[PDB]
Amino acid sequence: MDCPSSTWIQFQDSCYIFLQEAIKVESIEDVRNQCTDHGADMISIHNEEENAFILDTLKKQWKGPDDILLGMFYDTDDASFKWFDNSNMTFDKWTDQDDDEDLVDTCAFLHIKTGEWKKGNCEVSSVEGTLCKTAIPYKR
């Protein structure tokens, strides 16, 4: 087992788990805590392979919402969307959305249906589930 438990789905070189945890999310760092609690961090897409993986995988193993939070945060200083994986956003499935100055009002969620993302950061408490991605040093 590369992954901690069987609820962890191994993909390429990482392990994924959805834990629909209802917690007071102050910032996306708070929601991302749900994952860090498991030694993981929020999901991070570097290819459609990941994007479309999560997409089915979510519903295939776990429940599956219409959209899962991406593990992407909006650094308002850089004004960038960043992966909690701490790696460059080298891939993106951005859909055409409405976008004001700040998209801090919204967060980034990958759409379970199509695999499209929304812009933002989850600085809202309305997050009850995040996908966690942790890499496995076993395959690193």
# chains A, B, ... in the order shown; residues from 1 in each chain; ligands from 1

call {"tool": "select_by_dssp", "arguments": {"residues": "range 22-140 of chain A", "states": "strand (DSSP E)", "output": "list in words"}}
result
residues 41, 42, 67, 68, 69, 72, 73, 74, 75, 80, 81, 82, 83, 109, 110, 111, 130, 131, 132, 133, 134 and 135 of chain A

call {"tool": "atom_distance", "arguments": {"atom1": "CA of residue 81 in chain A", "atom2": "CA of residue 66 in chain A"}}
result
21.1 Å

call {"tool": "residues_around", "arguments": {"residues": "range 113-123 of chain A", "least_positions_apart": "2", "cutoff": "6 Å", "atoms": "only C-alpha atoms", "output": "VMD selection string"}}
result
chain A and resid 26 to 28 73 to 74 93 to 95 103 to 104 106 to 111

call {"tool": "write_last_selection", "arguments": {"atoms": "N, CA and C atoms", "output": "PDB file, in the first residue's frame"}}
result
ATOM      1  N   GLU A  26     -12.542  29.391   7.441  1.00  0.00           N
ATOM      2  CA  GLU A  26     -12.284  30.796   7.507  1.00  0.00           C
ATOM      3  C   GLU A  26     -11.588  31.221   6.228  1.00  0.00           C
ATOM      4  N   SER A  27     -10.677  30.404   5.823  1.00  0.00           N
ATOM      5  CA  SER A  27      -9.878  30.610   4.682  1.00  0.00           C
ATOM      6  C   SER A  27      -9.680  29.304   4.034  1.00  0.00           C
ATOM      7  N   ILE A  28      -9.211  29.288   2.817  1.00  0.00           N
ATOM      8  CA  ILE A  28      -9.010  28.055   2.149  1.00  0.00           C
ATOM      9  C   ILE A  28      -7.933  27.214   2.861  1.00  0.00           C
ATOM     10  N   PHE A  73      -5.511  28.099  -4.467  1.00  0.00           N
ATOM     11  CA  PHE A  73      -5.810  29.200  -3.677  1.00  0.00           C
ATOM     12  C   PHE A  73      -5.505  30.425  -4.400  1.00  0.00           C
ATOM     13  N   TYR A  74      -6.136  31.446  -4.014  1.00  0.00           N
ATOM     14  CA  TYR A  74      -5.970  32.682  -4.665  1.00  0.00           C
ATOM     15  C   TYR A  74      -5.169  33.599  -3.794  1.00  0.00           C
ATOM     16  N   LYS A  93      -8.259  23.924 -16.360  1.00  0.00           N
ATOM     17  CA  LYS A  93      -9.485  23.706 -17.043  1.00  0.00           C
ATOM     18  C   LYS A  93     -10.429  24.811 -16.655  1.00  0.00           C
ATOM     19  N   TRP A  94     -10.127  25.981 -17.084  1.00  0.00           N
ATOM     20  CA  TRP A  94     -10.942  27.121 -16.756  1.00  0.00           C
ATOM     21  C   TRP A  94     -12.095  27.248 -17.714  1.00  0.00           C
ATOM     22  N   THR A  95     -13.259  27.434 -17.172  1.00  0.00           N
ATOM     23  CA  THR A  95     -14.430  27.639 -17.962  1.00  0.00           C
ATOM     24  C   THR A  95     -14.673  29.140 -18.022  1.00  0.00           C
ATOM     25  N   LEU A 103     -12.169  37.892  -7.227  1.00  0.00           N
ATOM     26  CA  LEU A 103     -12.946  36.717  -7.292  1.00  0.00           C
ATOM     27  C   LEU A 103     -12.778  35.964  -5.991  1.00  0.00           C
ATOM     28  N   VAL A 104     -12.602  36.730  -4.948  1.00  0.00           N
ATOM     29  CA  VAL A 104     -12.376  36.219  -3.616  1.00  0.00           C
ATOM     30  C   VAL A 104     -13.706  35.737  -3.022  1.00  0.00           C
ATOM     31  N   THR A 106     -15.792  33.878  -4.387  1.00  0.00           N
ATOM     32  CA  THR A 106     -15.997  32.546  -4.861  1.00  0.00           C
ATOM     33  C   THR A 106     -14.711  31.765  -4.640  1.00  0.00           C
ATOM     34  N   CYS A 107     -14.730  30.490  -4.912  1.00  0.00           N
ATOM     35  CA  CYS A 107     -13.558  29.674  -4.742  1.00  0.00           C
ATOM     36  C   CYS A 107     -13.324  28.901  -6.011  1.00  0.00           C
ATOM     37  N   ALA A 108     -12.416  27.943  -5.980  1.00  0.00           N
ATOM     38  CA  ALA A 108     -12.163  27.211  -7.159  1.00  0.00           C
ATOM     39  C   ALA A 108     -12.633  25.839  -6.960  1.00  0.00           C
ATOM     40  N   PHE A 109     -13.536  25.425  -7.759  1.00  0.00           N
ATOM     41  CA  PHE A 109     -13.979  24.091  -7.663  1.00  0.00           C
ATOM     42  C   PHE A 109     -13.972  23.503  -8.994  1.00  0.00           C
ATOM     43  N   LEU A 110     -13.469  22.354  -9.044  1.00  0.00           N
ATOM     44  CA  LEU A 110     -13.570  21.531 -10.198  1.00  0.00           C
ATOM     45  C   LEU A 110     -14.964  20.902 -10.314  1.00  0.00           C
ATOM     46  N   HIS A 111     -15.572  21.103 -11.452  1.00  0.00           N
ATOM     47  CA  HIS A 111     -16.888  20.583 -11.768  1.00  0.00           C
ATOM     48  C   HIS A 111     -16.805  19.109 -12.050  1.00  0.00           C
TER      49      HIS A 111
END

call {"tool": "atom_distance", "arguments": {"atom1": "CA of residue 84 in chain A", "atom2": "CA of residue 43 in chain A"}}
result
7.4 Å

call {"tool": "residues_around", "arguments": {"residues": "range 57-60 of chain A", "least_positions_apart": "2", "cutoff": "10 Å", "atoms": "only C-alpha atoms", "output": "VMD selection string"}}
result
chain A and resid 9 16 to 19 50 to 55 62 to 68 112 131

call {"tool": "write_last_selection", "arguments": {"atoms": "N, CA and C atoms", "output": "mmCIF file, in the first residue's frame"}}
result
data_model
loop_
_atom_site.group_PDB
_atom_site.id
_atom_site.type_symbol
_atom_site.label_atom_id
_atom_site.label_comp_id
_atom_site.auth_asym_id
_atom_site.auth_seq_id
_atom_site.Cartn_x
_atom_site.Cartn_y
_atom_site.Cartn_z
ATOM 1 N N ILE A 9 -6.841 6.820 -3.042
ATOM 2 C CA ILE A 9 -6.746 6.444 -4.409
ATOM 3 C C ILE A 9 -5.417 6.910 -4.992
ATOM 4 N N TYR A 16 -4.946 10.213 -3.234
ATOM 5 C CA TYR A 16 -6.097 11.037 -3.214
ATOM 6 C C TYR A 16 -7.152 10.514 -2.266
ATOM 7 N N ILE A 17 -7.799 11.404 -1.554
ATOM 8 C CA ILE A 17 -8.883 11.034 -0.658
ATOM 9 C C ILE A 17 -9.896 12.173 -0.544
ATOM 10 N N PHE A 18 -11.180 11.863 -0.584
ATOM 11 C CA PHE A 18 -12.185 12.880 -0.375
ATOM 12 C C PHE A 18 -12.741 12.677 0.944
ATOM 13 N N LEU A 19 -12.666 13.643 1.715
ATOM 14 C CA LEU A 19 -13.250 13.591 2.930
ATOM 15 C C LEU A 19 -14.195 14.711 3.067
ATOM 16 N N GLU A 50 -5.280 14.260 -14.304
ATOM 17 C CA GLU A 50 -5.642 14.488 -12.903
ATOM 18 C C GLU A 50 -7.062 14.979 -12.880
ATOM 19 N N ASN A 51 -7.319 16.035 -13.650
ATOM 20 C CA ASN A 51 -8.580 16.744 -13.637
ATOM 21 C C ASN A 51 -9.743 15.790 -13.827
ATOM 22 N N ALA A 52 -9.645 15.037 -14.877
ATOM 23 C CA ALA A 52 -10.662 14.115 -15.268
ATOM 24 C C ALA A 52 -10.634 12.829 -14.415
ATOM 25 N N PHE A 53 -9.510 12.579 -13.748
ATOM 26 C CA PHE A 53 -9.386 11.489 -12.776
ATOM 27 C C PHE A 53 -10.308 11.764 -11.629
ATOM 28 N N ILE A 54 -10.111 12.937 -11.059
ATOM 29 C CA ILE A 54 -10.734 13.430 -9.811
ATOM 30 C C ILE A 54 -12.164 13.408 -9.999
ATOM 31 N N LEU A 55 -12.474 13.814 -11.148
ATOM 32 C CA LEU A 55 -13.747 13.981 -11.624
ATOM 33 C C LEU A 55 -14.586 12.730 -11.503
ATOM 34 N N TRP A 62 -15.985 7.766 -3.607
ATOM 35 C CA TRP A 62 -16.585 8.538 -2.563
ATOM 36 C C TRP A 62 -17.975 9.008 -3.019
ATOM 37 N N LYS A 63 -18.529 10.016 -2.371
ATOM 38 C CA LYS A 63 -19.860 10.510 -2.736
ATOM 39 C C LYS A 63 -19.829 11.224 -4.074
ATOM 40 N N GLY A 64 -19.340 12.415 -4.040
ATOM 41 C CA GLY A 64 -19.240 13.215 -5.161
ATOM 42 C C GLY A 64 -20.248 14.274 -5.189
ATOM 43 N N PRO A 65 -19.785 15.443 -5.106
ATOM 44 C CA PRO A 65 -20.566 16.628 -5.220
ATOM 45 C C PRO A 65 -20.647 17.048 -6.680
ATOM 46 N N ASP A 66 -21.293 18.143 -6.979
ATOM 47 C CA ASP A 66 -21.332 18.605 -8.387
ATOM 48 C C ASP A 66 -20.014 19.207 -8.727
ATOM 49 N N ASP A 67 -19.413 19.756 -7.728
ATOM 50 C CA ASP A 67 -18.090 20.326 -7.806
ATOM 51 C C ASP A 67 -17.357 20.200 -6.498
ATOM 52 N N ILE A 68 -16.115 19.820 -6.608
ATOM 53 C CA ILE A 68 -15.205 19.619 -5.479
ATOM 54 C C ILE A 68 -14.259 20.755 -5.419
ATOM 55 N N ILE A 112 -17.511 18.362 -11.281
ATOM 56 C CA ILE A 112 -17.587 16.924 -11.355
ATOM 57 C C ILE A 112 -18.175 16.444 -12.658
ATOM 58 N N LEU A 131 -10.923 17.403 -1.670
ATOM 59 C CA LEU A 131 -10.161 16.303 -2.101
ATOM 60 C C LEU A 131 -8.751 16.550 -1.699
#

call {"tool": "atom_distance", "arguments": {"atom1": "CA of residue 91 in chain A", "atom2": "CA of residue 47 in chain A"}}
result
5.3 Å

call {"tool": "closest_residue", "arguments": {"among": "A:102, A:140, A:135, A:87", "to": "residue 14 in chain A", "atoms": "only C-alpha atoms"}}
result
A:135

call {"tool": "closest_residue", "arguments": {"among": "A:127, A:41, A:99, A:69", "to": "residue 85 in chain A", "atoms": "only C-alpha atoms"}}
result
A:41
